[PDB]
Amino acid sequence: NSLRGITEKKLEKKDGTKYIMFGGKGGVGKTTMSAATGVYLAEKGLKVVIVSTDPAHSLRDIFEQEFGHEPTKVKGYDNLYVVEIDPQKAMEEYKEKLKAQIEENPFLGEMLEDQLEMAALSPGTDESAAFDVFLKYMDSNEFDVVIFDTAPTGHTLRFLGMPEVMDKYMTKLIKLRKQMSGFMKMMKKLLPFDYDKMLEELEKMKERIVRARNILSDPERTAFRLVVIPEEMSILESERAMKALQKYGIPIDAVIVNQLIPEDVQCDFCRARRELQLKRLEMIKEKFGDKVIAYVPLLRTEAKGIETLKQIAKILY
Amino acid sequence: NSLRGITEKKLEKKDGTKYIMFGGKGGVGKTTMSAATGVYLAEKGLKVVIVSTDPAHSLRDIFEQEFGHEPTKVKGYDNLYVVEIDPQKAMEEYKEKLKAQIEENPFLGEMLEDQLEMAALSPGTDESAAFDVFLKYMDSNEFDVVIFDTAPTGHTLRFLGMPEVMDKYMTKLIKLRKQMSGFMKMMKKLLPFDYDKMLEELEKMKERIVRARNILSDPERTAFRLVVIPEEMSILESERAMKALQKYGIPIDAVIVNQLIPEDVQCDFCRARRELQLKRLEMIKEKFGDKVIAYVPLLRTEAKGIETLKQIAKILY
Amino acid sequence: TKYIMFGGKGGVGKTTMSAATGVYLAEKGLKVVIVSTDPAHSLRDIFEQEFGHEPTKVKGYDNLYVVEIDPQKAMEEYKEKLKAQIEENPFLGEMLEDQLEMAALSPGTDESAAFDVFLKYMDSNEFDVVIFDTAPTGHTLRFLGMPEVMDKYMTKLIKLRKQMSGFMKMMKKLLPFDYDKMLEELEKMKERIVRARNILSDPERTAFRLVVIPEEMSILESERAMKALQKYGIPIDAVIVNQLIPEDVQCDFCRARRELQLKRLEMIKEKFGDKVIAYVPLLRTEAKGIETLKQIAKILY
Amino acid sequence: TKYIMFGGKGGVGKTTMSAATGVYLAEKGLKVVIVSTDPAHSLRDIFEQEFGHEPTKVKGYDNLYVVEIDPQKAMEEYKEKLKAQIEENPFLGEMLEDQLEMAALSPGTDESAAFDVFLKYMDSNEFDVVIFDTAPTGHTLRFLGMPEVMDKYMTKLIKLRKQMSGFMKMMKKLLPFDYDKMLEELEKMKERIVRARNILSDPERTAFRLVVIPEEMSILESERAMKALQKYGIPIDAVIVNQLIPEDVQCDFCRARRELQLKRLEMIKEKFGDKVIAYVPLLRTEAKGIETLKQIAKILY
Ligand SMILES: Nc1ncnc2c1ncn2[C@@H]1O[C@H](COP(=O)(O)OP(=O)(O)O)[C@@H](O)[C@H]1O
Ligand SMILES: Nc1ncnc2c1ncn2[C@@H]1O[C@H](COP(=O)(O)OP(=O)(O)O)[C@@H](O)[C@H]1O
Ligand SMILES: Nc1ncnc2c1ncn2[C@@H]1O[C@H](COP(=O)(O)OP(=O)(O)O)[C@@H](O)[C@H]1O
Ligand SMILES: Nc1ncnc2c1ncn2[C@@H]1O[C@H](COP(=O)(O)OP(=O)(O)O)[C@@H](O)[C@H]1O
Ligand SMILES: [Mg+2]
Ligand SMILES: [Mg+2]
Ligand SMILES: [Mg+2]
Ligand SMILES: [Mg+2]
Ligand SMILES: [Zn+2]
Ligand SMILES: [Zn+2]
């Protein structure tokens, strides 16, 4: 319940799309918290999207409904949407589209299609298509609140520090073009017989990233939430990640301790395990104590159905 | 204990480096199983490396010792090594090295350094440096067994399907060079006054990936292990991943069910939870039944110290 | 602006006829320029006055100008500016300068700078009449047939850009992270050459004059050249027979030579008979001074 | 292989002297070629026989060959091959062909193809003596000063490649996933031009001959050209005064003209006096037939 108030406060200011994003180690339940917050926010009439760059398609399993690239309404909710990212499917569509253009020339076309196939099969495309859709929804509106289940770290978010580098490189390209512009004219006269485009795209990207950065670094719009478990791994990790997000100047309004073993436990096993969870809980209330901390228990049931989802919802709110 | 025999069998054939790689959902304990298998294999005199593309640096937390990029001996073991990947640190080193070269020219150098800064800050570099080191150790020897804690999926391993695409594109480039080679000569005569390199690098990469693919698709060298939990998420996920690895023709010798609640449990909580874990266990013995299945319990202690590590070791062996 | 241009074999006196026509047109108040792509700088010898690249008034004439082309000088002149502008990168400036020197020393630059100034004055006004002493042939003027080739190649580049434009964006989103310029320059050149071609193919604006000698070489040559100029659709209003031995001659030598010149004159009045033929004699004096120039002027007019 | 090359103003008879020297050298058993970059195809008119690009025997001489340069033809010839080879991509072939036509029509191709065949025969053997009727000047021959510029630019490219080589690999590992060729061609050209320059600057191999007329134009011109050739360190073994009016002349016309020719002859024996001067008269007949050719031959030898 401890989180509700903070959320409510976040919603009002800076009218427009509000962003919420959960982060934490693998497991640890951030996809879970995302789905739950989506359901809760969708309970009040609100138009909320949950975007997921998960290739494992976790939201498919949690919701039990398949989701395409385009936003899909979920579970009879008129107002709740989820965006699943498949770079491969997209890629097939782009291939159809390209093939359509290349009819006049097969050789040019088979070549370009090959280059694309290689591009898609390259190691960067997951994270970079993730990037593309992220920017698409940072620039977007028509969604009252956006929940990123893309799992952020300072290291995944390192692209936020680019615009300055882009500035330096751009001024370099401008100096260069000024030096060159004279020479190429004399070559164009003595022996007759791209930059503006590179600068266009560079500047465009610079502005997109700068906007996104300004939105993310601003509360009243974006809320970063850490989710953790009472175990040293997730605690230390999320601490470091918190420090990197700090380096990007990002607000973290809340930490969520998850899968807590309930206070009623009897057999020695869960006795020991909960002793440990209490030690780690003191560790958490030490390191993360300056932040709002929420607690969710370890459910008797596995957390799957919308019922368990609404349950967790009320547990956080 | 059920896994030991299979491992032993894997070690003997195809003398050279033997590869073992664990995969599964976030959490689920694959870094854990990796560390444990590393310890176990290091117990018999064997030279074993555990490489981790984890930016969260899990092995630092589990072992409690810091690891650099170059292989580092761990915990008094003369024979046990772990490789942690930091792309950023590397990047700083590359920057020092570049700056050293650019002294004659600052403008060229500041530009190139800018391009690199942008490269490193780009969304692909984590996964692609992961790729680079992966290939480095596929091509490598002097390590008796290599354990990849890089978390593989069919989708991360999609780069294995490239060599054919590279073949098509290469033959395209050859046809092209044959068509061009005539023309450029007449231009070189009528109006006086890269390919071999592109083909060199393309072919080189093609052979590296082909070698790696052939090694990974071959038992007696590489063993892919899935680790799962008695929960629908990890089960379905690891099933799909198993199918993609199947598409790349990869052997999966073993599935490891982890964090099992021990058979002695009393209070109703763990009663319900273990009932569920049994249902999911039947689900597992159904889907994954054609594979060797190993069981590890949920430890009273959090799994951190080398003692818990050796414990889990004997539990699997 | 009216354009007059003389052509013919080496020697044969087209630089001479150019100078003379310049003087004659400058006699009536008219502003006339004689541009010369001669690296030989023949106009320097004929006029006796030195001429720079920029149009220079000649021989006390307020209205008569001539332009001499030196490519080397222009190159070197630009180099200084280049130095001033690219200080950093310092290495780049030296490379670019090297490319420039390599360019200037290349075999194309004479003819192509000739081309550049030609187009400069085809596009120009403020000169009532322009006289080109650049020596035209159909082969020198072959650049006039370009604009159609430029069209084909341009449409090729457009089809190409339309084919590429889709691919590049998709590549960009899959892997984040010149044509318009090439087409700009190509189209600009196409329009300059089309304009020039249209002016040159049009009388009331441009007059092409052939100059010849009563010898088979120049006759046959200028005939072929006439046929190429024909292929570009160019008017040739006049043929000028030059260095004719005057009708008063006595010793057997010039008797024989003038007999030959008469045979070749019938050859000329045969081949070139369909156009105006003018006759200039072989002057007792070498043709140098402005006096001989005005003399030849009145001889043609 | 020995090289002989004539130079001088338009007219002035260097094509003539070339043909004559060719005949004379072909009289003694010798294998001699006369190559001509004349688009005017003067040798076609002088010899009366047509000549293709490949060396053609002339006038029943087993040993006398001449090479006429037509660039257009060569281009067109290659186009067919290009078509046969690039079928797919079909679009590419049309673009490349367009670039080819655009190249051939460009103002540089005459002089630069002249250059190409020049280097072809400088590198060549199997011809005992080669006579270049391409009309040399220091300005035409300015390409000889390149190899040093090529050196500077090459070392620039090497420093550059060393600076880049480190960066590119690191970029490659950070983001997976021409010079040697440029240096190959640059160095090759540098060696060809250096060889040619060394041969041309060396007597016992190459003889540069200037031809002039007793008129201030050709005299001053060929003097300056002589000074440029001097700047490239070239031997000029002989000056040939041509079209001299014979000493038997009577009527006042040729009296005056030959007076002038004598003044200019003293000018020549002044400026060019330090080198061998040869004299050829103005022939009663136009110089065309092989008979007049052999005549001039004996006149020079
Ligand atoms: N409060 C909870 N009670 C019980 N199980 C939970 C709870 N929160 C999360 N889980 C379980 O933890 C597992 C990992 O959570 P998930 O959000 O899918 O991982 P990730 O955060 O890495 O995407 C899921 O199988 C989920 O069912
Ligand atoms: N047998 C086990 N008993 C108790 N805890 C375990 C066991 N195996 C794994 N864990 C815990 O599960 C968490 C996730 O495991 P880890 O391997 O770090 O995740 P990943 O596989 O995603 O790298 C770790 O904190 C680890 O301590
Ligand atoms: N009508 C003429 N009478 C006498 N000499 C002439 C006459 N026309 C030209 N010449 C001479 O012929 C030579 C070459 O003429 P020029 O016009 O310089 O050649 P080009 O036309 O090739 O430039 C000059 O020395 C000039 O003095
Ligand atoms: N010695 C000579 N006697 C008579 N006519 C000559 C003599 N030398 C050259 N000519 C004539 O002068 C004209 C031009 O000479 P040519 O050699 O063709 O010029 P270029 O040397 O510029 O090619 C030709 O028509 C030729 O007949
Ligand atoms: Mg998730
Ligand atoms: Mg891990
Ligand atoms: Mg002239
Ligand atoms: Mg000639
Ligand atoms: Zn219990
Ligand atoms: Zn007489």
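If you're matching them up, the sequences are chains A, B, C and D in order.
Residues 1 to 317 (our numbering) make up the first sequence, in order.
Residues 1001 to 1317 (our numbering) make up the second sequence, in order.
Residues 2001 to 2301 (our numbering) make up the third sequence, in order.
Residues 3001 to 3301 (our numbering) make up the fourth sequence, in order.
The beta-carbon is built from N, C-alpha and C at its ideal position, and this holds for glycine as well.
Exercise for the section: Would you mind working out which of D:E3204, D:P3203, D:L3220 sits nearest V3211 of chain D, comparing C-alpha positions? Expected result: D:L3220
Handout entry: Beta-carbon neighbours of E3088 of chain D, restricted to chain A and to distances below 9 Å
Key = Going along chain A in sequence order, the residues near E3088 of chain D (Cβ under 9 Å) are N105, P106, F107.
Exercise for the section: Might you give, ordered along the chain, the residues of its own chain that have their beta carbon closer than 8 Å to the beta carbon of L202 of chain A, omitting 5 neighbours on each side? Expected result: So the qualifying residues of the chain are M166, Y169, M170, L173.
Handout entry: C-beta contact flag for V296 of chain A and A254 of chain A at 9 Å
Key = no
Exercise for the section: Could you tell me the distance, in whole angstroms, from the CA atom of residue 379 of chain A to the CA atom of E142 of chain A? Expected result: It is not possible to answer for residue 379 of chain A, since the shown part of chain A is limited to 1 through 317.
Problem - For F2177 of chain C, three-class secondary structure by DSSP - result: coil
Problem - Given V2035 of chain C as reference, the closest of C:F2051, C:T2056, C:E2068 once Cα atoms are compared - result: Among C:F2051, C:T2056, C:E2068, the Cα nearest to that of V2035 of chain C belongs to C:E2068.
Practice task
Report yes if the C-beta of residue 3306 of chain D is less than 8 Å from at least one heavy atom of ligand 8; otherwise report no.
Solution key: Because residue 3306 of chain D is not part of the residues shown, which for chain D are 3001 to 3301, the question remains open.
Handout entry: the region 204 to 214 of chain A touching the region 130 to 140 of chain A, judged by at least three CB pairs closer than 8 Å
Key = yes
Practice task
For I1085 of chain B, name the three-state secondary structure that DSSP assigns.
Solution key: coil
Exercise for the section: Kindly examine ligand 10 and report whether one of its heavy atoms sits closer than 8 Å to the Cβ of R2255 of chain C. Expected result: yes
Handout entry: Between the CA atoms of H2041 of chain C and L2082 of chain C - distance to the nearest angstrom
Key = 28 Å
Practice task
May I ask you to list, following chain order, the residues of the region 3161 to 3184 of chain D that have a beta carbon less than 9 Å from some beta carbon of chain A?
Solution key: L3175, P3176, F3177
Practice task
Pull up the distance between the alpha-carbon of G3093 of chain D and that of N3198 of chain D, whole angstroms please.
Solution key: Those two C-alpha atoms are separated by around 41 Å.
Practice task
For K75 of chain A, I'd like the list of residues in its chain whose CB is within less than 7 Å of its CB, leaving aside the five on either flank, ordered along the chain.
Solution key: Excluding positions up to five away in sequence, the list reads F63, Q65, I306.
Practice task
Reducing DSSP to helix, strand and coil, say where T1222 of chain B ends up.
Solution key: strand
Exercise for the section: With 8 Å as the C-beta to C-beta threshold (strictly closer), list the residues of the region 3112 to 3127 of chain D near chain A in chain order. Expected result: none
Handout entry: CB contact flag (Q1259 of chain B, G1029 of chain B, <9 Å)
Key = yes
Exercise for the section: Please classify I2299 of chain C: is it buried, with 16 or more other beta-carbons within 10 angstroms of its beta-carbon, or exposed? Expected result: Label assigned to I2299 of chain C: exposed.
Problem - Cβ-heavy atom distance, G27 of chain A to ligand 6, below 8 Å - result: no
Exercise for the section: Would you identify the three-state DSSP class for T308 of chain A, choosing helix, strand or coil? Expected result: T308 of chain A: helix per DSSP, three-state reduction.
Handout entry: Expected contact under 8 Å - CB spacing of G24 of chain A and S238 of chain A to nearest Å
Key = 6 Å
Handout entry: Beta-carbon proximity of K1014 of chain B to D1144 of chain B, cut-off 9 Å
Key = The answer is no: Cβ separation not under 9 Å.
Problem - As assigned by DSSP and simplified to three states, the class of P2039 of chain C - result: The DSSP-derived three-state label of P2039 of chain C is coil.
Handout entry: Check: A3019 of chain D C-beta below 8 Å from any heavy atom of ligand 7
Key = Not under cutoff, so the answer is no.
Handout entry: Residue range of the unbroken beta strand (DSSP E) whose run includes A294 of chain A
Key = 292 to 297
Practice task
Could you check if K10 of chain A is buried or exposed, using at least 16 other CB atoms within 10 Å of its CB as the buried criterion?
Solution key: buried
Problem - Contact list for the region 109 to 126 of chain A against chain C, Cβ threshold 9 Å - result: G109, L112, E113, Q115, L116, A119, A120, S122, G124, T125
Exercise for the section: Check the Cβ of residue 2316 of chain C against every Cβ in chain A and list those closer than 7 Å, keeping chain order. Expected result: With chain C represented from 2001 up to 2301, any question about residue 2316 of chain C goes unanswered, as that position is not in the structure.
Exercise for the section: Could you tell me which of A:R273, A:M186, A:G26 sits nearest to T1031 of chain B, measuring between CA atoms? Expected result: When each option's Cα is compared against that of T1031 of chain B, the closest is A:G26.
Exercise for the section: Report the neighbours of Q3250 of chain D on chain C: residues whose CB is nearer than 7 Å to its CB, in chain order. Expected result: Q2250, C2251
Handout entry: Sequence-distant residues of the same chain with beta carbon closer than 7 Å to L3144 of chain D, five excluded per side
Key = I3193, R3197, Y3232
Practice task
Would you mind working out which of B:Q1266, B:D1126, B:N1001, B:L1309 sits nearest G154 of chain A, comparing C-alpha positions?
Solution key: B:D1126
Problem - alpha helix (DSSP H) segment containing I1261 of chain B, residue limits - result: Here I1261 of chain B belongs to no alpha helix (DSSP H), and DSSP marks it neither H nor E.
Handout entry: Under 8 Å from the C-beta of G3011 of chain D: neighbouring residues of chain C
Key = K2009, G2010, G2011, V2012
Handout entry: Outcome for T222 of chain A when other beta-carbon atoms lying within 10 angstroms are tallied against a minimum of 16
Key = buried
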